[PDB]
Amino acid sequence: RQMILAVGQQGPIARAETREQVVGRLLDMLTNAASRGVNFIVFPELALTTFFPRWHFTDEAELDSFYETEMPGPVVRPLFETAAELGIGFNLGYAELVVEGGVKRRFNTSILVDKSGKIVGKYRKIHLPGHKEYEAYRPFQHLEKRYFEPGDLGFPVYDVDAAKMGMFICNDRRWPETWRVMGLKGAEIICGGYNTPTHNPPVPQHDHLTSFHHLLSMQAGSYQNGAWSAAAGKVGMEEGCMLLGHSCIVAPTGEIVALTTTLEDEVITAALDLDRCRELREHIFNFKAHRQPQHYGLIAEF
């Protein structure tokens, strides 16, 4: 019931930095994690490449090179190998390209890999942020709705070694429903990655609130569902776009218990007691005692 959770924040991944170069950066973090008694580490969203949805692509082949067609392929394999021989689980985000009867499905995906190196769960991003068309005035695009489709796995919770773990991806953390669906399935840890620019072209009047909104989302989510949470950023200046840092780990009371302070590759860690979830879920947010779903119907109407 007690474990050490970590977050492996990434600094920038350049457009032509290789997957072999990224994996090497991930392995060094696993190594750092293992010297600090870590048992599970969270890596960022789209952790194997630069954040490619910042450009408008005119070439499908070029677009497809940023997606994984297997997991892991030969180059990502050492990550898996290293993490199991260290006996450390991990959450990895990546772009997923699958071919169904000749039709190409694209997803922004994350997976949970237990301490033995078994993939025990997958999640695909349901809330895809940004815009649809190329928008000339932006200094950088945000075309996730063009490069991915909404996930089709719902928000699942999985058994990973001792814990019940749910996943979120980036913008999903901002929606109370993401958290609540996994809270209703008894997640003890909700975790995921993000790439969050500190400039937003259509509403630049919120730019100086980027960290505030990120942390607000993580603290409320955890508190409302009594779940430990963790958010691992890919951060700093990547291809000219400044990505938010403040990767974090948060208690079931919404307290931030660990926080990064660099914009580089950085491992933060926190001791997690999975029975601490009880302080909320057996008390103020004891859902059978207090929740009232018969009056929340509008939320699930579509």
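Just count from 1 along the sequence shown to find any residue number.
In this entry, the higher average B-factor at the C-alpha atoms falls on 24-32, of the pair 245-253 and 24-32. Averaged over their C-alpha atoms, the temperature factors of 150-158 and 68-76 are higher for 68-76.
Among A83, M218, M182, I189, the highest C-alpha B-factor recorded in the PDB entry belongs to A83. Note on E135, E177, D207, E96: the highest value goes to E135, judged by CA B factor as recorded. Looking at the C-alpha B-factors along this chain, the one for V113 belongs to the middle third. Compared with the other modelled residues of the chain, the Cα B-factor recorded for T260 ranks in the lowest third.
When the modelled residues of the chain are ordered by C-alpha B-factor, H283 sits in the lowest third. The deposited CA B-factor of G233 belongs to the lowest third of values across its chain. Annotation for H199: CA B-factor lies in the highest third of the chain's modelled residues.
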